[PDB]
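Single chain ahead, written as structure tokens, the form deposited in one PDB entry.
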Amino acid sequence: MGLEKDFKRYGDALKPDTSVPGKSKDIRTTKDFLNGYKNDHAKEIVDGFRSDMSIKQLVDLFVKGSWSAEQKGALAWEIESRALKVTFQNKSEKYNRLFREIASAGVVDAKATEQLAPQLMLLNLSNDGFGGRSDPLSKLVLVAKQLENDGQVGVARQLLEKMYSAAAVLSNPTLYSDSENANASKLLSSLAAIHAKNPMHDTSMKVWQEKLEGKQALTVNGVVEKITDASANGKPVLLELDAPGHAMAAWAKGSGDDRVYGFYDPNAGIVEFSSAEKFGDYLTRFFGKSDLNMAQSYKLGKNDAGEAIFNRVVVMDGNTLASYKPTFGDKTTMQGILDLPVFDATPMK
């Protein structure tokens, strides 16, 4: 693929040899790049930019030039926008085919559900150039599933809908009220707050029961056994699954016939099954070489038997996570972040 080569050339040019160590501040975190990274901005600030350019031409423009961090952000938005435009439907189709095949096989799981909301595409539309919020989103989804276990309905579903709504608002700001624009921005700065004061670093509250790493790092089958364990039945199981550079979530909630087993990859979406067997099938084939091979694409390490392992699995304490307050001096909890509005009742402009 031309795209894969070009997208890798582009990537190299963002982590450059003027600060070799993967210890120096990455440019995607900087205020200048992040101000740059938005639609309709390269045409204002980048000499030689034209909107009819291909990806390859944009990446040529990027690597040949002498650019400020802001100019780099604007070009990054244009390159990433087009790259996601070329790939995201292919990828979604692939995830859906695996879901539907498992859901439909043998005895159909009539309660199986999928909701796709690919974060990279929605965050690019939302003019957020940080490069992903898999960790904040995974944590918010685990809180949502704690809340749903205790009886709230559709909390994770609505978080994901609100990502769509924020992306509609932020990409087309003049169509919505000032209040809606402020709402969308506030949703996204909440993800950033969670990253800035990550509750796993918080020693005054313990949001986690157990961290499984290094020596006792879990395989995919280990995650499956923990989620589908009948000993739990009644109680929520809430795991955060950490690859080296990407976070995901998995859960069990509900009792008896309302018990559901779910998985959230922020890059794809949420799936839930009522069948434990089907949940196990999905996760195995999602990560497994034999099928979607996400274990390789998220670059999981291996144990001595050569099986893929997560860097870390966190067994979450949901009620404590729910009450965590990511910003000092602001009462809003993880649950309150889930409840933030985007659209409100004002008719569209």
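Superpose the two forms; the largest set of C-alphas matching within 1.5 Å is the rigid core. From 1 onward, residues are counted along the sequence shown. Shifts are known only where both forms have a C-alpha.
Form deposited in another entry: not shown, discussed below.
- When the two forms are superposed on their rigid core between this form and the one not shown, the C-alpha shift of 2 Å or more among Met121, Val207, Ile270, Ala193 belongs solely to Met121.
- In the core-superposed comparison between this form and the one not shown, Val46 has its Cα shifted by at least 2 Å.
- Core-superposed comparison between this form and the one not shown: CA of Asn90 displaced by 2 Å or more.
- Shown in the overlay between this form and the one not shown, fitted on the rigid core, is a CA shift at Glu78 of 2 Å or greater.
- In that other deposited form, the Cα atoms of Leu187 and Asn35 sit 3 Å or more farther from each other than they do here.
- Inter-residue distance, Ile102 to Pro236 (Cα): increased by at least 3 Å in that other deposited form versus the depicted form.
- 4-14, 30-78, 80-131 are the runs of at least 3 consecutive shared residues whose C-alphas each shift by 2 Å or more between this form and the one not shown once the core is superposed.
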